[PDB]
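*Asks:* Here's a structure for you.
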Amino acid sequence: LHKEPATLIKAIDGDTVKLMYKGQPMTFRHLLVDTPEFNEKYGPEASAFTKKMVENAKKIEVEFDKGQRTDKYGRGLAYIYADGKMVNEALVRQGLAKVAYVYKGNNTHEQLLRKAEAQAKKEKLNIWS
Ligand SMILES: Cc1cn([C@H]2C[C@H](OP(=O)(O)O)[C@@H](COP(=O)(O)O)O2)c(=O)[nH]c1=O
Ligand SMILES: [Ca+2]
């Protein structure tokens, strides 16, 4: 996989963000995770965590996996990096997302994220408390 440039347009919620990618505005959904909706428990905390990570970043990058690059809603499907730190992993490691939506062929970082979830769960963080 390869990281590609993008710039933040605006934070949306814990697992979606609006980025400019190849010069076009797109909503990106983070691969392999599920955050609570803003109206659900830890939803606002997940939204605030993602917002902080992407807004504070000097460099955003997107990395598509091997499979589908957009979903049925036209959202980009990618791993999102903020100054080299993967947001998808960071949310799981903080107990603010569950590993989820693991589809064959877009699951390159599944083991990495499951390791993060196990750590969050052992720590009883947030969703795991
Ligand atoms: C993360 C992800 C979601 N989706 C679709 C499945 C779910 O369809 P349904 O909308 O029919 O439930 C929806 C979940 O996204 P959200 O968690 O953003 O709601 O997005 C994909 O198709 N591929 C993916 O990799
Ligand atoms: Ca969600």
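Neighbour counts run over all protein chains shown; Cβ positions are idealised from the backbone, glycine included. Derivation of every value follows stated rules applied to the coordinates shown; laboratory data play no part.
*Asks:* In the range 49-67, is there at least one residue being more than 24 Å from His2 (Cα to Cα) and buried (at least 22 other Cβ atoms within 10 Å of the Cβ)?
*Replies:* The answer is no, given that none of the residues of the range 49-67 is more than 24 Å from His2 (Cα to Cα) and buried (at least 22 other Cβ atoms within 10 Å of the Cβ).
*Asks:* In addition: Can you name the residue in the range 14-44 that is over 21 Å from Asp83 (Cβ atoms) and touching a helix residue (DSSP H, G or I) at 6+ places or on another chain (Cβ under 7 Å) and is also nearest to ligand 1 (Cβ to nearest atom) among such residues?
*Replies:* Once the filter is applied, the top-ranked residue is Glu37.
*Asks:* Then there's this: How many residues are touching a residue at least 24 places away in the same chain (Cβ under 8 Å) and either hydrophobic (A, V, I, L, M, F, W, C) or within 13 Å of ligand 2 (Cβ to nearest atom) (or both) when one looks only at the range 18-29?
*Replies:* Number satisfying all stated conditions: 5.
*Asks:* Quick check, is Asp15 within 15 Å of ligand 2 (Cβ to nearest atom) and either in contact with a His (Cβ under 7 Å, 6 or more places away or on another chain) or not aromatic (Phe, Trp, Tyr) (or both)?
*Replies:* Yes.
*Asks:* Which one of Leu32, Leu91, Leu77, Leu96 is on the phi > 0 side of the Ramachandran plot, of a type in the set (A, V, I, L, M, F, W, C) and within 14 Å of ligand 2 (Cβ to nearest atom)?
*Replies:* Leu32
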